[PDB]
Amino acid sequence: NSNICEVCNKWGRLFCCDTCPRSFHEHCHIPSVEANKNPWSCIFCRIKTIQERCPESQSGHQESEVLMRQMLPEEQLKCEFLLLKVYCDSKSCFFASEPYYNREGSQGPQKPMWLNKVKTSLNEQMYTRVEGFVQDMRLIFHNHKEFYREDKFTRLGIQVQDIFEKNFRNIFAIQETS
Ligand SMILES: [Zn+2]
Ligand SMILES: [Zn+2]
Ligand SMILES: [Zn+2]
């Protein structure tokens with residue numbers, strides 16, 4: 001197995017996947033690494049299994065279809081995996097914890113959002129459709145763009161949003177377009 005966490009790339013108390021060489025801190029993995037379970041497979045392995053079991057799930061989809069899907073266990077998992085892929089980028093640190101807003105010339109957002117809040121919402125099964133989770137995730141970046149205006153810091157928001165979007169189109173097999 002790997003000697004560092006797949007998500008945050010640091011050593012520590014690691015749990016090891018039994019079906020691949022990745023390792024994880026307990027609360028870096030989403031969901032949190034499970035108490036017993038031997039063997040234990042990580043979320044990367046669980047997602048590969050879905051695809052191997054139904055090869056056709058990789059054929060192109062419309063985003064409008066995907067967003068209306070109810071959060072059954074497979075959609076749940078996929079949103080969990082998407083949230084994790086955003087946390088794998090070190091610039092996610094800017095969006096993890098509850099922000100605050102006191103900048104000359106800007107007002108705070110009406111609806112603050114952050115990664116940890118979405119992680120809790122996922123954990124507590126608060127989303128009934130994929131739409132819910134995708135809306136909260138895209139709001140994080142939209143809030144940021146609006147607040148930071150022409151400060152160059154806005155770019156972080158565009159950066160992490162791009163990672164969110166690429167993984168969204170990968171995980172949910174959105175039909176490729178020009
Ligand atoms: Zn970690
Ligand atoms: Zn694995
Ligand atoms: Zn099938």
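First listed ligand is number 1; within each ligand, the first listed atom is number 1. Nothing fancy with the numbering, it's 1 onward along the sequence. Atoms considered below: every heavy atom in the structure, side chains included; atoms not considered: hydrogens, waters and symmetry mates.
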Evaluate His27 against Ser32 for side chain to side chain contact (heavy atoms under 4.5 Å, CB included), listing each step before the verdict. CA-CA 5 Å; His27 294 313; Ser32 311; 3.3 Å; yes
Of all N, O or S atoms in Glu56, the one closest to the Zn ion (ligand 3) is OE2
Have a look at the Zn ion (ligand 1) and estimate, to 10 degrees, the angle subtended by SG (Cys8) and SG (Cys28). 120°
Co-membership, hydrophobic cluster, residues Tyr127 and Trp114, 4.5 Å side-chain: no
Kindly give the heavy-atom pair with the smallest separation between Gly60 and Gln175, and that separation in Å. CA-OE1, 3.5 Å
Sum of protein N, O or S atoms, each under 2.8 Å from the Zn ion (ligand 2): 4
Counting only heavy atoms from other residues, nucleotides and ligands, does the tally under 6.0 Å from CD of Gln62 exceed 12? no
Centroid-to-centroid, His29 to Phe15, below 6.0 Å? no
Any cation-pi pair here, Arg103 with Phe153, using under 6.0 Å and within 45°? no
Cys5 atom SG and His25 atom ND1 as seen from the Zn ion (ligand 1), angle to 10 degrees: 100°
Which heavy atom of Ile43 sits nearest a heavy atom of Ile30, and at what distance? CD1-O, 3.2 Å
